[PDB]
Asks: 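What follows is a single structure, and I will ask about it in a moment.
Numbered from 1 within each chain, the chains take letters A, B, ... in sequence-line order. Values below: all heavy atoms of this structure, side chains included; hydrogens, waters and symmetry mates excluded.
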Amino acid sequence: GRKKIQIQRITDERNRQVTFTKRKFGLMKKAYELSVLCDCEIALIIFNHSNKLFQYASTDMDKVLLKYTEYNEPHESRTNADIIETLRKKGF
Amino acid sequence: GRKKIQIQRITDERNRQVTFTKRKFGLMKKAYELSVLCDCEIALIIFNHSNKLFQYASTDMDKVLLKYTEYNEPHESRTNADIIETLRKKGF
Amino acid sequence: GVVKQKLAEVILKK
DNA sequence: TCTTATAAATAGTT
DNA sequence: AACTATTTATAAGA
């Protein structure tokens, strides 16, 4: 972008909405590419500020969600805090 | 990158694995930023080629999944085909 | 656990 | 809503 | 597993 932004809540509603649309498409496009490049199945569930649901699935949402329910093994689990901790670890 | 790659499955197992790890972190980072910039809640479920599960949630995976189950309305739903169709809509 | 249970419960019934 | 200057992600090398 | 040159994504303008 023209300028580096801080990761913090956008106050201007229009800007936020504009950002939301563009970055969501951005995010789904990165997920498409990941799913194709590395033969992955991916599901993505987003609730905006207005609790409206936006979903993406590489192929079929219900297939992924059920396979999720069948999973019984300890696996990788990440949250915003993990990501933030991982970024502080390496700035350069 | 050093070169433009085609979006198509990576055959070299090591490369694929290397790409997978980097792009997954890439994807989770974009999800964190979306969730903070636009005050949205996000869950992400990935099954790799080996059907191993990797998951991310902005805050709490179980909270998002339950709110998903409670959803009772037509919403936006996208697949790889939508993305690919939209990439012809754009271009240059 | 119980959340996994509840998710499968609602995808099924469709 | 487009366009583009600049920031951020990443493919290939080593 | 580093590094960086290049590609990609995107913030701010218009």
Asks: When you compare the side chains of B:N80 and A:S35, does any donor N or O come within less than 3.5 Å of an acceptor on the partner?
Replies: yes
Asks: Separation of A:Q6 atom CD from D:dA7 atom P, in whole Å?
Replies: 13 Å
Asks: Answer with yes or no after comparing the ring centroid distance for B:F54 and B:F20 against a 6.0 Å cut-off, counting only values under it.
Replies: yes
Asks: Specify the separation, in whole Å, of atom CE of A:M28 and atom P of E:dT10.
Replies: 11 Å
Asks: If we only count heavy atoms from C-beta on, is the C:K4 to A:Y68 side-chain gap below 4.5 Å?
Replies: yes
Asks: Using purine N1 to pyrimidine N3 plus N6-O4 or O6-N4 for Watson-Crick, or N1-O2 and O6-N3 for G-U wobble, each under 3.5 Å, what pairs with D:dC2?
Replies: none
Asks: Between B:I7 (CD1) and E:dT8 (P), how many Å, whole number?
Replies: 8 Å
Asks: Look at the side-chain N and O atoms of B:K29 and state whether any lies under 4.0 Å from the OP1 or OP2 oxygen of D:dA9.
Replies: yes
Asks: A side-chain contact here means heavy atoms from C-beta on lying under 4.5 Å apart; do A:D60 and A:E41 qualify?
Replies: no
Asks: What is the distance from CG of A:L37 to P of D:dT10, rounded to the nearest Å?
Replies: 10 Å
Asks: Rounded to the nearest Å, what distance is computed from the CZ atom of residue A:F92 to the P atom of nucleotide D:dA9?
Replies: 16 Å
Asks: Counting any heavy atom closer than 4.0 Å, what does A:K22 reach on the DNA or RNA strands: base, sugar-phosphate only, or nothing?
Replies: base
Asks: Please state how far atom CG in A:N15 lies from atom P in D:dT1, giving the value in whole angstrom units.
Replies: 13 Å
Asks: Any base atoms under 4.0 Å from A:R14, or only sugar-phosphate, or nothing? Heavy atoms, all strands.
Replies: nothing
Asks: Please tell me which of the listed nucleotides, E:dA11, D:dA11, D:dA8, lies nearest to the side chain of B:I5?
Replies: D:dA11
Asks: Both distances below 3.5 Å, Watson-Crick or wobble geometry, any strand: find the nucleotide opposite E:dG13.
Replies: none
Asks: What heavy-atom pair brings A:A31 and A:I42 nearest, and what distance separates the two atoms?
Replies: O-CD1, 3.4 Å
Asks: Rounded to whole Å, how long is the line connecting atom CD1 of B:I10 with atom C1' of D:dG12?
Replies: 12 Å
Asks: Would you say E:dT8 has OP1 or OP2 under 4.0 Å from some side-chain N or O of A:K30?
Replies: no
Asks: Take atom CZ of A:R2 and atom P of E:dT8, then tell me their distance rounded to the nearest Å.
Replies: 20 Å
